[PDB]
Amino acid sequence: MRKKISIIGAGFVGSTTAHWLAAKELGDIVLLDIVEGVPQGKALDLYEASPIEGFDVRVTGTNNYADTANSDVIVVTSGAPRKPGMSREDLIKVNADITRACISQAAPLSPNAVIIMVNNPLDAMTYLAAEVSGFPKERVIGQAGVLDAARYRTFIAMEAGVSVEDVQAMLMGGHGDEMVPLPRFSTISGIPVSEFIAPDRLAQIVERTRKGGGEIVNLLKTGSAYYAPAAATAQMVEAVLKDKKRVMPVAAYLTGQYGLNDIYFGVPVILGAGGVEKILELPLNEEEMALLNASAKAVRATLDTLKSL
């Protein structure tokens, strides 16, 4: 009995996540969407690559939540972009409705699953998925930090002229203005990044990381990033499926860590088959902690709007 991964929402992120996972033979994959034909087509297309690439995975597309039953991991990409005229609460509302509909159908069919959210606003939707599923909180998480850390690591590897395999970095919070950069906690083969890159340039790289998603949006003209978001999501799925105990920034439920309670927030975790197996507590200095507290206030504000719906 192979592992089973269901991916909800068969757009660019969801389908690319299926590609990364299939390539590694990580388990059978169900791609689900509301639109008829689209998940069926992408799934069959990917499956037809399998003799070339040498993986034995069933990739199927479906419009029926029944086909997601007994999944080991559920990935949710479904959501709604904002566009003009919408208020903050309007954007939160439409995504909350989408998230509730997905989780309320999927979770009871896979009571042992780890749920990985990849929609927006990420921390709030992960908080909602935890409420709706009623799963142990360790088993409901969100992907945000692995992507931002990946962009940062790319920029560092680029600038320092070194292998991307040798750059590691931790950060916290959400995306853009809510990101909590922590360049002190990044290294190249154990050596502080700040020994390779001077402060002014490092600050530019931190800012580029903040703006990294919008950078891609501006280039693509239509649509958002998907190759790296899907890679980040897939690395998380892998950590769960193989119990790898990866140390990653992940949206997790806090019970006093960093002085925060009753909130999902991007924090360093050990991630394995149990989901969040540890929340790590970094010795942040006053400047770093000021960044965290400001981000947590913003994340709290979004969460309060969700609760008031």
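So that there is no doubt, residue numbering starts at 1 and follows the sequence shown.
Engineer: If you average the CA temperature factors over each stretch, which comes out higher, 88-96 or 168-176?
Structural biologist: Result: 88-96.
Engineer: Mean C-alpha B factor from the entry: is it higher for 234-242 or for 121-129?
Structural biologist: The stretch with the larger average C-alpha B-factor is 121-129.
Engineer: Whose CA atom has the top B-factor in the entry, of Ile29, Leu260, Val269, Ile52?
Structural biologist: That would be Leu260, according to the entry.
Engineer: Among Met248, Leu282, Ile279, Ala251, which residue carries the highest C-alpha B-factor recorded in the PDB entry?
Structural biologist: Answer, based on the entry's C-alpha B-factors: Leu282.
Engineer: Per the entry's values, where does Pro136 land by CA temperature factor relative to the rest of its chain, in the lowest, middle or highest third?
Structural biologist: It falls in the middle third of the chain.
Engineer: What third of the chain, by the recorded C-alpha B-factor, contains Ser163?
Structural biologist: It falls in the bottom third of the chain.
Engineer: Relative to the other modelled residues of the same chain, rank the CA B-factor of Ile8 and answer lowest, middle or highest third.
Structural biologist: For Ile8, whose C-alpha B-factor we compare with every modelled residue in the chain, the answer is the middle third.
Engineer: Comparing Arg82 with the other modelled residues of its chain, is its CA B-factor in the lowest, middle or highest third?
Structural biologist: CA B-factor rank for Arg82: highest third.
Engineer: Please place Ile205 in the lowest, middle or highest third of its chain according to the CA B-factor in the PDB entry.
Structural biologist: It belongs to the lowest third of the chain when residues are ordered by C-alpha B-factor.
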